[PDB]
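Peer 1: Got a structure for you, structure-v1.txt, holding compact mmCIF, C-alpha atoms.
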```
# COMPACT_ATOMS: atom_id res chain seq x y z
CA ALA V 1 -138.34 -37.75 -135.36
CA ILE V 2 -137.50 -34.81 -133.16
CA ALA V 3 -136.44 -35.55 -129.60
CA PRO V 4 -135.64 -32.90 -126.96
CA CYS V 5 -132.15 -33.68 -125.75
CA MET V 6 -131.51 -31.29 -122.82
CA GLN V 7 -131.92 -27.50 -123.27
CA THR V 8 -135.30 -25.78 -123.90
CA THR V 9 -135.30 -24.79 -120.23
CA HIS V 10 -136.24 -21.12 -119.96
CA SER V 11 -138.44 -19.90 -117.18
CA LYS V 12 -136.72 -16.55 -116.55
CA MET V 13 -139.92 -14.58 -116.20
CA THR V 14 -140.87 -13.50 -112.71
CA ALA V 15 -142.81 -10.26 -113.48
CA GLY V 16 -141.19 -8.88 -110.35
CA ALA V 17 -143.70 -8.16 -107.66
CA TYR V 18 -142.12 -10.01 -104.69
CA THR V 19 -145.74 -10.56 -103.72
CA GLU V 20 -146.87 -12.58 -106.76
CA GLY V 21 -149.13 -14.75 -104.71
CA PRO V 22 -151.69 -17.23 -105.95
CA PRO V 23 -152.80 -15.19 -109.06
CA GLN V 24 -151.77 -14.62 -112.55
CA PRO V 25 -153.05 -11.73 -114.65
CA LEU V 26 -156.22 -13.03 -116.26
CA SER V 27 -159.49 -11.35 -116.76
CA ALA V 28 -162.62 -13.16 -115.56
CA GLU V 29 -163.28 -14.31 -119.11
CA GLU V 30 -159.70 -15.58 -119.60
CA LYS V 31 -160.55 -17.63 -116.64
CA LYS V 32 -163.84 -18.94 -118.05
CA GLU V 33 -162.31 -19.92 -121.37
CA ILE V 34 -159.47 -21.76 -119.68
CA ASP V 35 -161.77 -23.82 -117.43
CA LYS V 36 -164.02 -24.59 -120.39
CA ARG V 37 -161.05 -26.23 -121.93
CA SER V 38 -159.62 -27.56 -118.73
CA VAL V 39 -159.60 -31.10 -117.54
CA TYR V 40 -159.35 -32.81 -114.24
CA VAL V 41 -156.77 -35.44 -114.07
CA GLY V 42 -157.08 -37.40 -110.97
CA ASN V 43 -155.54 -40.32 -109.17
CA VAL V 44 -152.28 -39.48 -111.09
CA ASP V 45 -149.27 -41.13 -109.64
CA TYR V 46 -146.80 -39.00 -107.80
CA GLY V 47 -144.31 -40.09 -110.42
CA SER V 48 -146.01 -37.95 -113.01
CA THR V 49 -145.14 -34.41 -112.09
CA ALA V 50 -145.66 -31.42 -114.47
CA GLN V 51 -143.05 -32.27 -117.19
CA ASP V 52 -144.13 -35.92 -117.55
CA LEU V 53 -147.75 -35.11 -117.00
CA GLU V 54 -147.81 -32.39 -119.71
CA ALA V 55 -146.14 -34.69 -122.20
CA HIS V 56 -149.04 -37.11 -122.07
CA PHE V 57 -151.57 -34.27 -122.47
CA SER V 58 -149.47 -32.32 -124.92
CA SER V 59 -150.18 -35.05 -127.41
CA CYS V 60 -153.84 -33.92 -127.18
CA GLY V 61 -153.09 -30.24 -127.74
CA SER V 62 -151.44 -27.17 -126.31
CA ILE V 63 -151.38 -26.56 -122.57
CA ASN V 64 -152.12 -23.07 -121.17
CA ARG V 65 -151.90 -23.78 -117.40
CA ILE V 66 -151.77 -26.75 -115.06
CA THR V 67 -152.50 -27.05 -111.41
CA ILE V 68 -151.36 -30.14 -109.56
CA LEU V 69 -152.38 -30.87 -106.02
CA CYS V 70 -150.94 -33.65 -103.99
CA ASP V 71 -152.43 -34.66 -100.67
CA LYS V 72 -150.49 -36.51 -97.99
CA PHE V 73 -153.63 -36.56 -95.92
CA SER V 74 -153.76 -40.05 -97.31
CA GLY V 75 -150.21 -40.82 -95.96
CA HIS V 76 -149.17 -41.49 -99.47
CA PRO V 77 -149.15 -38.39 -101.64
CA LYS V 78 -151.90 -38.59 -104.16
CA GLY V 79 -152.04 -36.44 -107.15
CA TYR V 80 -154.84 -34.61 -108.80
CA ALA V 81 -154.12 -32.22 -111.59
CA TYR V 82 -156.11 -29.77 -113.50
CA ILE V 83 -154.82 -29.28 -116.98
CA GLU V 84 -156.03 -26.15 -118.67
CA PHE V 85 -155.57 -26.12 -122.42
CA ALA V 86 -155.29 -23.39 -124.95
CA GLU V 87 -158.03 -24.87 -127.13
CA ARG V 88 -161.45 -26.55 -126.77
CA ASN V 89 -160.20 -29.19 -129.19
CA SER V 90 -157.62 -30.25 -126.68
CA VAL V 91 -160.00 -30.65 -123.75
CA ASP V 92 -162.30 -32.83 -125.81
CA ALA V 93 -159.39 -34.97 -126.94
CA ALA V 94 -158.11 -35.30 -123.39
CA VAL V 95 -161.47 -36.26 -121.85
CA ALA V 96 -161.61 -39.16 -124.35
CA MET V 97 -158.89 -40.72 -122.21
CA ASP V 98 -161.22 -40.43 -119.13
CA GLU V 99 -160.89 -44.02 -117.99
CA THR V 100 -157.52 -44.81 -119.56
CA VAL V 101 -154.92 -46.73 -117.63
CA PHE V 102 -151.70 -45.01 -116.79
CA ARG V 103 -148.61 -46.37 -114.97
CA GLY V 104 -150.63 -49.40 -113.96
CA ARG V 105 -153.35 -47.37 -112.34
CA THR V 106 -156.54 -46.20 -113.84
CA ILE V 107 -156.73 -42.43 -113.92
CA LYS V 108 -159.73 -40.26 -114.43
CA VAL V 109 -159.96 -37.29 -116.72
CA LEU V 110 -163.07 -35.15 -117.18
CA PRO V 111 -163.61 -31.36 -117.80
CA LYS V 112 -163.07 -28.97 -114.93
CA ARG V 113 -166.74 -28.66 -114.04
CA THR V 114 -168.84 -27.83 -116.99
CA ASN V 115 -172.14 -29.17 -115.69
CA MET V 116 -175.56 -27.87 -114.77
CA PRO V 117 -176.11 -27.51 -110.99
CA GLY V 118 -179.36 -25.83 -111.85
CA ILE V 119 -180.02 -23.11 -114.33
CA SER V 120 -176.97 -21.72 -116.06
CA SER V 121 -177.05 -19.19 -118.84
CA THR V 122 -174.64 -16.43 -119.70
CA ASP V 123 -177.44 -14.13 -120.78
CA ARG V 124 -180.93 -14.49 -119.38
CA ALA U 1 -181.60 2.27 -113.25
CA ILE U 2 -182.99 -1.21 -113.63
CA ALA U 3 -182.38 -3.42 -110.63
CA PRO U 4 -184.13 -6.81 -110.89
CA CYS U 5 -182.39 -8.13 -107.80
CA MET U 6 -180.57 -6.60 -104.86
CA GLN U 7 -177.38 -8.56 -104.53
CA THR U 8 -175.06 -7.86 -101.67
CA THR U 9 -172.93 -10.76 -100.57
CA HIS U 10 -169.28 -11.42 -99.76
CA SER U 11 -166.71 -12.63 -102.24
CA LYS U 12 -165.70 -16.12 -101.18
CA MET U 13 -162.76 -18.01 -102.73
CA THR U 14 -163.67 -20.78 -105.15
CA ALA U 15 -160.50 -22.82 -105.84
CA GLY U 16 -159.21 -24.83 -102.92
CA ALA U 17 -162.03 -25.07 -100.46
CA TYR U 18 -164.88 -25.47 -102.92
CA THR U 19 -163.62 -27.15 -106.05
CA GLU U 20 -161.61 -30.18 -104.97
CA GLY U 21 -162.72 -31.42 -108.32
CA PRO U 22 -164.93 -34.50 -108.63
CA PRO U 23 -163.89 -35.80 -105.03
CA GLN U 24 -165.87 -34.54 -102.18
CA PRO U 25 -163.98 -31.85 -100.25
CA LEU U 26 -162.48 -32.82 -96.95
CA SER U 27 -163.52 -31.04 -93.72
CA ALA U 28 -163.82 -27.24 -93.74
CA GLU U 29 -161.63 -26.92 -90.69
CA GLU U 30 -159.05 -29.40 -92.07
CA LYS U 31 -158.91 -26.90 -94.84
CA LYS U 32 -158.49 -23.95 -92.50
CA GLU U 33 -155.70 -25.52 -90.53
CA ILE U 34 -153.86 -26.46 -93.67
CA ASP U 35 -154.05 -22.89 -95.06
CA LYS U 36 -152.78 -21.57 -91.80
CA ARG U 37 -149.81 -23.90 -92.28
CA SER U 38 -149.59 -23.19 -96.00
CA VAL U 39 -147.05 -21.16 -97.83
CA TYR U 40 -146.89 -19.75 -101.26
CA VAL U 41 -143.82 -20.54 -103.15
CA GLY U 42 -143.59 -18.57 -106.25
CA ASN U 43 -141.16 -18.03 -109.11
CA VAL U 44 -140.11 -21.70 -108.76
CA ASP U 45 -139.01 -22.62 -112.19
CA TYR U 46 -140.18 -25.37 -114.40
CA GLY U 47 -136.96 -27.19 -113.60
CA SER U 48 -138.06 -27.97 -110.07
CA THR U 49 -140.63 -30.63 -109.43
CA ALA U 50 -142.64 -31.87 -106.44
CA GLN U 51 -139.92 -34.25 -105.06
CA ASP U 52 -137.16 -31.62 -105.31
CA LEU U 53 -139.47 -28.90 -104.11
CA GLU U 54 -140.60 -30.91 -101.02
CA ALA U 55 -137.01 -31.71 -100.10
CA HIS U 56 -136.21 -28.03 -99.71
CA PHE U 57 -139.32 -27.42 -97.55
CA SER U 58 -139.15 -30.76 -95.79
CA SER U 59 -135.96 -29.59 -94.23
CA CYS U 60 -138.10 -26.95 -92.46
CA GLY U 61 -141.05 -29.21 -91.52
CA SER U 62 -143.56 -31.89 -92.44
CA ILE U 63 -145.57 -31.41 -95.62
CA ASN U 64 -149.27 -32.34 -95.67
CA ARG U 65 -150.24 -31.19 -99.16
CA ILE U 66 -148.75 -29.27 -102.04
CA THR U 67 -150.26 -27.62 -105.00
CA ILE U 68 -148.11 -26.60 -107.92
CA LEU U 69 -149.37 -24.54 -110.76
CA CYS U 70 -147.40 -23.88 -113.85
CA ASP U 71 -148.45 -21.24 -116.36
CA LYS U 72 -147.22 -21.48 -119.83
CA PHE U 73 -149.78 -19.13 -121.48
CA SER U 74 -147.12 -16.54 -121.10
CA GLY U 75 -144.98 -18.71 -123.37
CA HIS U 76 -142.56 -19.42 -120.62
CA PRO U 77 -143.51 -22.20 -118.28
CA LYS U 78 -143.50 -20.83 -114.77
CA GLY U 79 -144.18 -22.29 -111.45
CA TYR U 80 -145.98 -21.29 -108.33
CA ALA U 81 -146.52 -23.78 -105.57
CA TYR U 82 -148.49 -23.77 -102.43
CA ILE U 83 -146.95 -25.92 -99.79
CA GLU U 84 -149.30 -26.89 -97.00
CA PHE U 85 -147.59 -28.18 -93.85
CA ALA U 86 -148.81 -30.29 -91.00
CA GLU U 87 -147.43 -27.91 -88.36
CA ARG U 88 -147.64 -24.11 -87.83
CA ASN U 89 -143.99 -24.34 -86.86
CA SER U 90 -143.15 -25.32 -90.38
CA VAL U 91 -145.00 -22.53 -92.12
CA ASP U 92 -143.22 -20.00 -89.94
CA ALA U 93 -139.87 -21.62 -90.68
CA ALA U 94 -140.59 -21.68 -94.40
CA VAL U 95 -141.74 -18.03 -94.67
CA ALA U 96 -138.36 -17.06 -93.14
CA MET U 97 -136.91 -18.05 -96.51
CA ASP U 98 -139.07 -15.48 -98.40
CA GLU U 99 -135.88 -13.95 -99.63
CA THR U 100 -133.65 -16.75 -100.78
CA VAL U 101 -132.14 -18.18 -103.88
CA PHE U 102 -133.14 -21.55 -105.21
CA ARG U 103 -131.77 -23.15 -108.38
CA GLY U 104 -129.99 -19.85 -109.05
CA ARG U 105 -133.13 -17.72 -108.89
CA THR U 106 -134.71 -15.77 -106.10
CA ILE U 107 -138.02 -17.24 -105.06
CA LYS U 108 -140.74 -15.77 -102.87
CA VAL U 109 -142.41 -17.58 -100.02
CA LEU U 110 -145.21 -16.17 -97.84
CA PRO U 111 -148.34 -17.77 -96.17
CA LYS U 112 -151.30 -18.98 -98.43
CA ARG U 113 -155.03 -19.12 -97.53
CA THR U 114 -158.20 -20.23 -99.34
CA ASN U 115 -161.86 -20.08 -98.15
CA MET U 116 -165.21 -21.68 -99.12
CA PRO U 117 -168.35 -20.14 -100.72
CA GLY U 118 -170.44 -23.05 -99.52
CA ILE U 119 -170.55 -26.74 -100.33
CA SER U 120 -173.79 -28.69 -100.77
CA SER U 121 -175.05 -31.53 -102.93
CA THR U 122 -178.74 -31.83 -103.62
CA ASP U 123 -179.95 -35.44 -103.91
CA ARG U 124 -183.49 -35.28 -105.18
```
With the file now loaded, output its structure as structure tokens.

Peer 2:
Amino acid sequence: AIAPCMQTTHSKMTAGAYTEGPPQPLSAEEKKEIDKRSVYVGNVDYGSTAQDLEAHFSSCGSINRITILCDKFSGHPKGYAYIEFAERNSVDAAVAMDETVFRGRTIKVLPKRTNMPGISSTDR
Amino acid sequence: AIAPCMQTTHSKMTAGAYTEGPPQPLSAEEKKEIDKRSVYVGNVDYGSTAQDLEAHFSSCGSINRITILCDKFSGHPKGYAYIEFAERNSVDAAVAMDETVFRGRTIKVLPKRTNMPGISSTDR
């Protein structure tokens, strides 16, 4: 049984642009692959920020990126998070928890929009 | 050259104003006003979380929404956050901290803005 007791904190990577902004260096296809293996995690409690939130999903695979949005438009900050995994295995394993119950509330997890809003084909 | 279709349109942002995920996106202008009051907080490390992060910005105004994205595909888990305030006063006060040091590292804060490509749901 391995348990992280402090340490392991190392985020000293800024790239150094001083104008980083919203993006990260990914090609259009890096972006497609990540959303294909991304999930939407909604109605998450404000208590489950990135560290706690990843832990639950990390059991289903390896996380590549995560985006968490909290709206106080509702007075109470609600959380929605998009978890983007490294593998397709992980997304499929995560979506299986779609209607699981977490912290007393039922959360919802489904892929970050892989649906057909009409015709969709990479090559036509 | 073979041109089956003459395509000339404008590049509209997808994340933020379009994809709110499964929920239906709130008003277009609610979205505009929030961007106009939004800041980009980058280089925030994985050690900070939403509560801690809000506290620093809450000192400079009232937060309406926040979006935090952490990338770990680079191996190192990094953080970027978009803080959306309720007042324009707050965004201006927050951007004044563009050069500052938080948790021992220099972060970068400047205004954030998304836009919509068009939102419609076809019934039948």

Peer 1: Could you tell me which residues of chain V sit within 8 Å of chain U when counting all atoms listed in the file, and give me the result as a PyMOL selection string?

Peer 2: chain V and resi 9-14+18-22+40+49-51+63-73+77+86+112-113

Peer 1: List as a PDB file with C-alpha atoms, in the frame of the given file: which residues have an atom within 7 Å of (-161.3, -22.0, -94.6), counting all atoms listed in the file?

Peer 2:
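Saved file result_10.pdb follows:
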```pdb
ATOM      1  CA  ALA U  17    -162.030 -25.070-100.460  1.00  0.00           C
ATOM      2  CA  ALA U  28    -163.820 -27.240 -93.740  1.00  0.00           C
ATOM      3  CA  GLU U  29    -161.630 -26.920 -90.690  1.00  0.00           C
ATOM      4  CA  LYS U  31    -158.910 -26.900 -94.840  1.00  0.00           C
ATOM      5  CA  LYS U  32    -158.490 -23.950 -92.500  1.00  0.00           C
ATOM      6  CA  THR U 114    -158.200 -20.230 -99.340  1.00  0.00           C
ATOM      7  CA  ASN U 115    -161.860 -20.080 -98.150  1.00  0.00           C
ATOM      8  CA  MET U 116    -165.210 -21.680 -99.120  1.00  0.00           C
TER       9      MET U 116
END
```

Peer 1: Fit chain U to chain V, using all C-alpha atoms paired in sequence order for the least-squares superposition, and then show me the result as a CSV table (one decimal) with C-alpha atoms, keeping the file's coordinate frame.

Peer 2:
```
chain,number,residue,atom,x,y,z
U,1,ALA,CA,-158.7,-6.7,-83.0
U,2,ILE,CA,-156.4,-4.8,-85.3
U,3,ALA,CA,-157.6,-4.6,-88.8
U,4,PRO,CA,-155.5,-2.3,-91.0
U,5,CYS,CA,-157.3,-3.3,-94.2
U,6,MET,CA,-160.7,-4.9,-94.9
U,7,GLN,CA,-159.9,-7.6,-97.4
U,8,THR,CA,-162.7,-9.6,-99.0
U,9,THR,CA,-162.0,-11.0,-102.4
U,10,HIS,CA,-162.4,-14.3,-104.2
U,11,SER,CA,-159.7,-16.9,-104.4
U,12,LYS,CA,-158.6,-17.1,-108.1
U,13,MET,CA,-156.3,-19.9,-109.4
U,14,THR,CA,-152.7,-18.8,-110.1
U,15,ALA,CA,-151.1,-21.6,-112.1
U,16,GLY,CA,-152.4,-22.1,-115.6
U,17,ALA,CA,-154.2,-19.0,-116.5
U,18,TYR,CA,-151.9,-16.5,-114.9
U,19,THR,CA,-148.4,-17.8,-114.8
U,20,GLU,CA,-147.6,-19.1,-118.3
U,21,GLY,CA,-144.2,-18.2,-117.2
U,22,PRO,CA,-142.1,-15.6,-119.0
U,23,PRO,CA,-144.4,-15.8,-122.3
U,24,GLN,CA,-147.5,-13.7,-122.4
U,25,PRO,CA,-150.6,-15.8,-121.7
U,26,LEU,CA,-152.8,-16.6,-124.6
U,27,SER,CA,-156.5,-15.5,-124.7
U,28,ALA,CA,-158.6,-15.9,-121.5
U,29,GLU,CA,-161.3,-17.6,-123.4
U,30,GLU,CA,-158.8,-19.9,-125.3
U,31,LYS,CA,-157.9,-20.9,-121.8
U,32,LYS,CA,-161.5,-21.5,-120.8
U,33,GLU,CA,-162.3,-23.6,-123.7
U,34,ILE,CA,-159.2,-25.7,-123.2
U,35,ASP,CA,-160.1,-26.4,-119.5
U,36,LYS,CA,-163.5,-27.4,-120.5
U,37,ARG,CA,-161.9,-29.9,-122.8
U,38,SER,CA,-159.2,-30.8,-120.3
U,39,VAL,CA,-158.8,-33.9,-118.2
U,40,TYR,CA,-156.8,-34.8,-115.3
U,41,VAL,CA,-154.8,-37.9,-115.6
U,42,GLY,CA,-153.4,-38.9,-112.4
U,43,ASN,CA,-151.3,-41.8,-111.0
U,44,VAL,CA,-149.6,-42.1,-114.4
U,45,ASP,CA,-146.2,-43.5,-113.5
U,46,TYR,CA,-142.9,-42.1,-114.2
U,47,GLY,CA,-142.5,-44.8,-116.9
U,48,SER,CA,-145.0,-43.1,-119.2
U,49,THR,CA,-144.0,-40.0,-121.1
U,50,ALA,CA,-145.8,-37.4,-123.2
U,51,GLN,CA,-145.6,-39.4,-126.5
U,52,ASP,CA,-146.9,-42.6,-124.9
U,53,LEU,CA,-149.4,-40.7,-122.8
U,54,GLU,CA,-150.8,-38.8,-125.9
U,55,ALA,CA,-151.2,-42.0,-127.9
U,56,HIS,CA,-153.6,-43.4,-125.3
U,57,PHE,CA,-155.7,-40.2,-125.2
U,58,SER,CA,-155.3,-39.5,-128.9
U,59,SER,CA,-157.3,-42.6,-129.6
U,60,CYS,CA,-160.2,-40.8,-127.9
U,61,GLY,CA,-159.6,-37.4,-129.6
U,62,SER,CA,-157.3,-34.6,-130.6
U,63,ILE,CA,-154.9,-33.1,-128.1
U,64,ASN,CA,-154.3,-29.4,-127.9
U,65,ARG,CA,-152.1,-29.1,-124.9
U,66,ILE,CA,-150.8,-31.3,-122.1
U,67,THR,CA,-149.2,-30.6,-118.8
U,68,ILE,CA,-147.4,-33.3,-116.9
U,69,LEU,CA,-146.2,-32.8,-113.4
U,70,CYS,CA,-144.0,-35.3,-111.7
U,71,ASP,CA,-143.4,-35.1,-107.9
U,72,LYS,CA,-140.4,-36.8,-106.5
U,73,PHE,CA,-140.3,-34.9,-103.2
U,74,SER,CA,-142.1,-37.9,-101.9
U,75,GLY,CA,-139.1,-39.9,-102.9
U,76,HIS,CA,-141.0,-41.8,-105.5
U,77,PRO,CA,-141.4,-40.0,-108.8
U,78,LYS,CA,-145.0,-39.8,-109.6
U,79,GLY,CA,-147.0,-38.4,-112.4
U,80,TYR,CA,-150.1,-36.4,-112.9
U,81,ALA,CA,-151.0,-35.0,-116.3
U,82,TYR,CA,-153.5,-32.7,-117.5
U,83,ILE,CA,-154.5,-33.4,-121.1
U,84,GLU,CA,-156.3,-30.5,-122.8
U,85,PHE,CA,-158.2,-31.5,-126.0
U,86,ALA,CA,-159.4,-29.5,-128.9
U,87,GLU,CA,-162.9,-30.9,-128.7
U,88,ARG,CA,-165.5,-31.4,-125.9
U,89,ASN,CA,-166.2,-34.7,-127.5
U,90,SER,CA,-162.7,-35.9,-126.5
U,91,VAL,CA,-162.8,-34.8,-122.9
U,92,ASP,CA,-166.1,-36.7,-122.5
U,93,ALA,CA,-164.6,-39.8,-124.1
U,94,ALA,CA,-161.5,-39.6,-122.0
U,95,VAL,CA,-163.3,-39.2,-118.7
U,96,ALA,CA,-165.1,-42.4,-119.5
U,97,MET,CA,-161.8,-44.1,-118.8
U,98,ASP,CA,-161.7,-42.8,-115.2
U,99,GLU,CA,-161.5,-46.3,-114.0
U,100,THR,CA,-159.1,-48.1,-116.2
U,101,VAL,CA,-155.7,-49.8,-116.0
U,102,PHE,CA,-152.7,-48.4,-117.8
U,103,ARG,CA,-149.2,-49.9,-117.7
U,104,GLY,CA,-150.5,-52.3,-115.0
U,105,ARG,CA,-151.8,-49.6,-112.7
U,106,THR,CA,-155.2,-48.0,-112.3
U,107,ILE,CA,-155.2,-44.4,-113.2
U,108,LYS,CA,-157.8,-41.7,-112.6
U,109,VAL,CA,-159.1,-39.4,-115.2
U,110,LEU,CA,-161.6,-36.6,-114.6
U,111,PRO,CA,-162.1,-33.0,-116.1
U,112,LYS,CA,-159.5,-30.2,-115.2
U,113,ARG,CA,-160.1,-26.4,-114.9
U,114,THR,CA,-157.9,-23.4,-114.1
U,115,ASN,CA,-159.0,-19.7,-113.8
U,116,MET,CA,-157.2,-16.3,-113.8
U,117,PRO,CA,-156.7,-13.8,-110.9
U,118,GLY,CA,-156.0,-11.0,-113.5
U,119,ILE,CA,-153.3,-10.3,-116.0
U,120,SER,CA,-151.8,-6.9,-116.6
U,121,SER,CA,-148.4,-5.5,-117.4
U,122,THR,CA,-147.6,-1.9,-116.4
U,123,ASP,CA,-145.3,-0.1,-118.9
U,124,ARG,CA,-144.3,3.1,-117.3
```

Peer 1: What separation in Å, quoted to one decimal, exists between CA of residue 52 (chain V) and CA of residue 53 (chain U)?

Peer 2: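 A separation of 15.9 Å between them.
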
Peer 1: Under the rule that only C-alpha atoms are counted, which of U:55, U:15, U:119, U:34 is the nearest residue to residue 91 (chain U)?

Peer 2: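 The shortest atom-to-atom distance to residue 91 (chain U) comes from U:34.
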
Peer 1: Quick one: pull the distance between CA of residue 54 (chain U) and CA of residue 38 (chain U), Å, one decimal.

Peer 2: 12.9 Å

Peer 1: Between CA of residue 2 (chain V) and CA of residue 101 (chain V), what is the distance, to one decimal in Å?

Peer 2: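 Separating CA of residue 2 (chain V) from CA of residue 101 (chain V) is a distance of 26.2 Å.
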
Peer 1: Please, what is the axis-aligned box for every listed atom of region 6-23 of chain U with 8 Å on each side, as centre and edge lengths in Å to one decimal, as AutoDock Vina command-line options?

Peer 2:
```
--center_x -169.9 --center_y -21.2 --center_z -104.2 --size_x 37.4 --size_y 45.2 --size_z 24.9
```

Peer 1: Would you list the contacts of residue 60 (chain U) as a list in words, taking every protein, DNA or RNA residue within 8 Å and counting all atoms listed in the file, but skipping same-chain residues closer than 4 positions in sequence?

Peer 2: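 Within the cut-off, the hits are residues 56, 90, 93 and 94 of chain U.
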
Peer 1: Those residues you just picked out, can you put them in a file as an mmCIF file, in the frame of the given file with C-alpha atoms?

Peer 2:
```
data_model
loop_
_atom_site.group_PDB
_atom_site.id
_atom_site.type_symbol
_atom_site.label_atom_id
_atom_site.label_comp_id
_atom_site.auth_asym_id
_atom_site.auth_seq_id
_atom_site.Cartn_x
_atom_site.Cartn_y
_atom_site.Cartn_z
ATOM 1 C CA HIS U 56 -136.210 -28.030 -99.710
ATOM 2 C CA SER U 90 -143.150 -25.320 -90.380
ATOM 3 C CA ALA U 93 -139.870 -21.620 -90.680
ATOM 4 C CA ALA U 94 -140.590 -21.680 -94.400
#
```
